[PDB]
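Residue numbers (the authors' numbering), protein chains in the order written: chain W, 4 to 62; chain F, 10 to 110; chain N, 3 to 444; chain R, 1 to 49; chain O, 18 to 439; chain P, 2 to 55.
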Amino acid sequence: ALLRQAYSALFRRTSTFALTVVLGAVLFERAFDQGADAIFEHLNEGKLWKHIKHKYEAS
Amino acid sequence: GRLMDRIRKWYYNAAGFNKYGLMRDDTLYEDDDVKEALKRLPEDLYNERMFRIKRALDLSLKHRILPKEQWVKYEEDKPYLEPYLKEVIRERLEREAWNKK
Amino acid sequence: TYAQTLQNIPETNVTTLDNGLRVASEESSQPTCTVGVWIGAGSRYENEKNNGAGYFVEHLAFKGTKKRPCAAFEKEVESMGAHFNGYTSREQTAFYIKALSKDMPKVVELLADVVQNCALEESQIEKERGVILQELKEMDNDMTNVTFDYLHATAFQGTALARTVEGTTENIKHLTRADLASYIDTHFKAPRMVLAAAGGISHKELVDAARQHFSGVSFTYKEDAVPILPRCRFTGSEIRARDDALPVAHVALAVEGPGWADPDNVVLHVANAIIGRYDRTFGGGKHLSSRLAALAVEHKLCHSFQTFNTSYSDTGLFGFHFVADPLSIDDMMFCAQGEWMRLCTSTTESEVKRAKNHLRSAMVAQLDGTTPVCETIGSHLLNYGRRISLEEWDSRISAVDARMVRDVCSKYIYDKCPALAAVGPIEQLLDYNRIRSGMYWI
Amino acid sequence: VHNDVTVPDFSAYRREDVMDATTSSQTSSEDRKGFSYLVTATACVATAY
Amino acid sequence: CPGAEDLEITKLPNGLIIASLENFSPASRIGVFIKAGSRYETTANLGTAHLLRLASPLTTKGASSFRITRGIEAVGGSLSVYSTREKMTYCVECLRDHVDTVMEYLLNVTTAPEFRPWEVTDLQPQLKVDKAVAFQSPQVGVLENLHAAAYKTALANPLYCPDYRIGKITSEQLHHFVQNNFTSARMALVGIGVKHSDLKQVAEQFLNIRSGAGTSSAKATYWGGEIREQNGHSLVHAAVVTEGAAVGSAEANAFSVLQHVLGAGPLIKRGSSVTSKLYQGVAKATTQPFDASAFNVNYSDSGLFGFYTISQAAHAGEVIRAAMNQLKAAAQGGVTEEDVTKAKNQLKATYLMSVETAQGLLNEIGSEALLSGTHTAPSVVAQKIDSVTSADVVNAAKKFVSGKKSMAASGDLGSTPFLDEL
Amino acid sequence: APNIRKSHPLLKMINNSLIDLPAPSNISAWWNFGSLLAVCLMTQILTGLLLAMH
Ligand code: HEM
């Protein structure tokens, strides 16, 4: 049972609850960003400079 | 020899709170201990201390002092609160130490 | 010396009768003594339609038997200088007698005649009806009670334990010679009874008297079956009975307890001893060791307060009750909860060491006389399955250390949703939410 | 009298687990709190972001 | 290994008494019994006794108000003062291994008090409370007033400081009261669960306020008046008595029995008392709920005896009257040779059970070692109780019907009768 | 005072106007705008300062 494990482990002791919120915000960010950019970019294929870039890059 | 006595009597006259008719103990800052102590003073000693002070305040507002004749004299200064004050502190130090125990 | 006085205490003899009943006793030098039957029956065993029977019965247990009506029965008891008393709780009824060690056997007969052959005179029932009805109206003015019942009423809402030992008003007004009869026949049975004796009596001469008046042997196996009770469910909630016209307010708060069996009850008690109790006439005043009592004095938080660890077969209530003026309820509750939280987080060895000595003197204090010693035996067997000597207890108590108290209290107190009972001018104490949040962070 | 008072029926509102008046609510306890606390802790992470 | 000890009872040169009895209980219970109380108070220092009782936790020359409580608590111990109008008892309980410790304070509280003005003044408003909780039981209201109407002095003095004197008692009144009454020859150091040798070693090489009888209680005169208190209560309490027997007076064993013959305190939960003539007789007379019993007090130089009735305000007349005829009818050979037989046991019984309590035992051992200096064996008191003739009893009943009565009643006295109407 | 929330000259302010503050049990959503307005204000002032800096 995860909810119980989570409760006793994380959410019970107010100190670890905050500790979870911190580490948890860290992971959440990293992933929420990646996914969203991924969504946004995919939604605009070949329209971004990131895309057309290759056509003029090369010394 | 009498060095400490000379000094004490000196500093006493140096401070000059007697010029206001205050006793040494009348000038103590009222911290927590002093506060309890005063509460234990006998009705009279307390009223006498009260007037003494209010007297000294009215002097300070007027920017005056007592005439030389009325100044409290080093050896006639009655340390009325110190006996009490020391007890208050004793009691506390006891309680204090006992609770760490 | 302590260490030994604990051993030289005469052991408690226990021998069961082939009919299910158990006989037990602690023999002393005492010329006088006490003996009675501790029945494992209560209001918990009652259903919703017979709520109060065990009490209506407690009332007729002395108004005569079949072998001897009222006048005779009473006369016979008084005239030998014996004191016949008893009671009835949620999970325990008991009828015991205080007499000279001599009458020991003629007493056992009496006890027996009471449980087995209660007259239940149709005419005595119509009287005990108006009588109970008054006791309900008198007890209705004892806030402390109106409060613990209300506590249970919500603590174990929707179950048996949520019931008053006196029962409803309808049940009092309608219970029949029948149900009463029934209740006795259904509950007052040997396998669920203990004949405890304390004083100057010979286990022998006692065990025999039982054999003689406690006959009725069982045929089937179901008669030897001690029925297990359907579990009572605890519920974090609150009931607030407001009447600003009351002088002072009552507040009782509690979490669910383990139940007789669980060894933690010991720790729990040590804990309760740390928080202790208080009332405006405690002379220690501002110097009392109990922090809650101290603040109570410093800030005039309450008229009185008490910690309690009410145990039951399979559950329990662990909490506190305070009586206070309408305008200090809040600070009081606040400081109290605080102390609880202090328990789960920072208890010192200094506190426990003392709490232990208080508990030790507390347990010994519960064996000051034949009645109290008999009560302990009657209940020990019935609840613990035997008797636990002061020597045993003392071991279990010296085992507790701060670290132990914190873990146990955290286990039962920390972050739990409690049951709350408030009666009177309770406007200042408020919000279950706020009280709930008081269940965590020292 | 107070003996005639009874705590109403909260079936309409009780959670699944603490609905049976004969089952220790203490077992589903850590479950019911762990959930709500999870929501909160989540809201905190969402906010922290 | 331990067995059966024997109750020693030494007495030093200064007349101080020591009464030890080892019973190998896992807990000791020491106490200091003293001849003091409201009885030695004068119009000048009333209530000073009461306060002295509450003043037990104040700083002593040896232990601080602080250490006295934290110290006795540190060892799961207790400390308390109980007192009559003529006796005071300072006792402390504790596990065996903590006797010596709990003793320091007991010793200090009773012999070396400091009664510091502030401590005292801070305490005084407490008499206001301790007294209010007590007066919650009307049972105690009629009794204060009874002793007043029944006397003119000593015992006529209230047990609880009168109102006007709250806050007016001095640290001096205390000391003087302590210097004058708490003197070696008026004190006894009893004690259960201890070896006599130690309790002795302590008493001598430790106690200081010495030798003497100090103040002498004024002989207790008898007034014979009636005090009435109209207060609205649905319940009227009444106590009609007459001079009883003194402590010791052989004439006491008589009333004690006449007491149990008239009935004194139910023995069956929610039951009617048939062995109680008074109860039974009053029951025939009234209709609604009530209670009536045999009241008996035995004081140094005096005593009280009569009945006490709690009844509804309306049926107060019939109840107190019935209570009377039932006392006269017994003052006229209305006592069976058997009633005397049944009572004789109930008394022997009651007596015996009274000593199961560590408090009860210590109180028995004490009272004797104080108002005598000896321990009357349990079989001696028995021989003394049953050696009471069917006459002695009927006679006691007469002394009541004949003597000058003094009543005391508090409730809606509207329908209650005046002493001169009985 | 026992808890430093009601005794402190400032925490007593935060507390006696946003924590132990007595509020009707039924005030609806149309009662949320007071705080929004407040918040709203604190935000304008913040964004504004940031802009005034350029
Ligand atoms: C009561 C709060 C405020 C209100 C109602 C408010 C409103 C406005 C409005 C209507 C404008 C024009 C915005 C546009 O459409 O371009 C503006 C501009 C500006 N405000 Fe505020 N303002 C507030 C507070 C502040 C404060 C406290 C500062 C900084 C001390 C500030 C600094 C500025 C600056 C620098 C501009 C010019 C930049 C721009 O045009 O956006 N404002 N403000």
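C-beta atoms are modelled at their ideal positions from N, C-alpha and C, and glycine is treated no differently.
Segment limits, beta strand (DSSP E) that includes residue i
i	result
residue 84 of chain O	Taken as a continuous stretch (DSSP letters only), residue 84 of chain O belongs to no beta strand (DSSP E), being part of the alpha helix (DSSP H) at 82-90.
residue 270 of chain O	Segment 268-279 is the alpha helix (DSSP H) holding residue 270 of chain O; no beta strand (DSSP E) there.
residue 95 of chain N	95-102
residue 318 of chain N	318-326
residue 85 of chain N	85-90
residue 279 of chain N	279-281
residue 8 of chain W	First-last for residue 8 of chain W: 5-9, but that is the alpha helix (DSSP H), not the beta strand (DSSP E).
Three-state secondary structure assigned by DSSP to residue i
i	result
residue 24 of chain N	strand
residue 40 of chain N	strand
residue 52 of chain P	helix
residue 119 of chain N	coil
residue 136 of chain O	helix
residue 430 of chain N	coil
residue 71 of chain N	strand
residue 186 of chain O	coil
residue 44 of chain R	helix
residue 130 of chain O	strand
residue 435 of chain O	coil
residue 264 of chain O	coil
residue 307 of chain O	strand
residue 415 of chain O	helix
residue 392 of chain O	coil
residue 117 of chain F	There is no way to answer for residue 117 of chain F, as the model of chain F reaches only from 10 to 110.
residue 259 of chain O	strand
Residue span of the alpha helix (DSSP H) that contains residue i, given as start and end
i	result
residue 26 of chain W	17-45
residue 47 of chain O	Residue 47 of chain O -> not in any alpha helix (DSSP H); beta strand (DSSP E) instead, spanning 44-51.
residue 451 of chain O	For chain O, the structure presents residues 18 to 439; residue 451 of chain O sits outside this window and is missing.
residue 448 of chain N	Nothing about residue 448 of chain N can be read from this structure; chain N reaches only from 3 to 444.
residue 247 of chain O	Counting along the chain, residue 247 of chain O falls outside any alpha helix (DSSP H), though it belongs to the beta strand (DSSP E) covering 244-247.
residue 431 of chain O	Premise fails: residue 431 of chain O is in no alpha helix (DSSP H) and is neither H nor E.
residue 20 of chain F	12-24
residue 376 of chain O	375-388
Of the residues the options, the one placed nearest residue i, counting alpha carbons only
i	options	result
residue 441 of chain O	O/285, O/320, O/331	Past the boundaries of the shown model lies residue 441 of chain O; chain O is included only from 18 to 439, so the question cannot be answered.
residue 433 of chain O	O/335, O/308, O/88	O/335
residue 134 of chain N	N/215, N/56, N/232	N/56
residue 113 of chain N	N/411, N/357, N/211	N/211
residue 227 of chain N	N/236, N/192, N/213, N/248	N/192
residue 63 of chain F	F/15, F/101, F/108, F/29	F/29
residue 389 of chain O	O/400, O/51, O/184	O/51
residue 143 of chain O	O/262, O/294, O/74	O/74
residue 2 of chain R	N/177, N/244, N/93, N/8	N/244
residue 136 of chain N	N/174, N/345, N/95, N/240	N/174
residue 17 of chain F	F/84, F/98, F/93	F/84
residue 321 of chain N	N/267, N/131, N/361	N/267
Problem set entry | Under 7 Å (Cβ pairs) to chain R, residues found in the segment 128-156 of chain N | 138, 139, 142, 148, 151, 152, 155, 156
Problem set entry | Near-chain N residues of the segment 274-299 of chain O - C-beta to any C-beta below 7 Å | Listed by position, the residues of the segment 274-299 of chain O near chain N (Cβ gap below 7 Å) are 284, 285, 286, 287, 288, 289, 290, 291, 292.
For this session: For the segment 80-93 of chain O, enumerate the residues whose C-beta is nearer than 7 Å to any C-beta of chain N, in chain order.
Result: 82, 83, 86, 87, 90, 91, 92, 93
For this session: Check each residue of the segment 23-34 of chain R: if its Cβ is closer than 7 Å to any Cβ of chain W, include it; give the result in chain order.
Result: 30, 31, 33, 34
Exercise. Could you name the residues, in chain order, whose CB is less than 5 Å away from a heavy atom belonging to ligand 1?
Worked result: Cβ-based neighbours of ligand 1 within the cut-off: P/45, P/46, P/49, P/50, P/52, P/53.
Exercise. What residues in the segment 36-48 of chain O bring their beta carbon closer than 7 Å to a beta carbon of chain N?
Worked result: Listed in sequence order: 41, 42, 43, 44.
Exercise. Can you list, in chain order, the residues of the segment 238-257 of chain N whose Cβ is nearer than 9 Å to any Cβ on chain R?
Worked result: 238, 239, 241, 243
Exercise. According to a CB-to-CB cut-off of less than 8 Å, which residues of the segment 36-63 of chain F neighbour chain O?
Worked result: 48, 49, 51
Exercise. Using Cβ-Cβ distances below 8 Å, what residues of the segment 327-347 of chain N are close to chain P?
Worked result: Sequence-ordered contacts of the segment 327-347 of chain N with chain P read 333, 336, 337 [C-beta pairs closer than 8 Å].
Exercise. Just by C-beta distance, which residues in the segment 289-305 of chain N are closer than 9 Å to chain P?
Worked result: 297, 300, 301, 303
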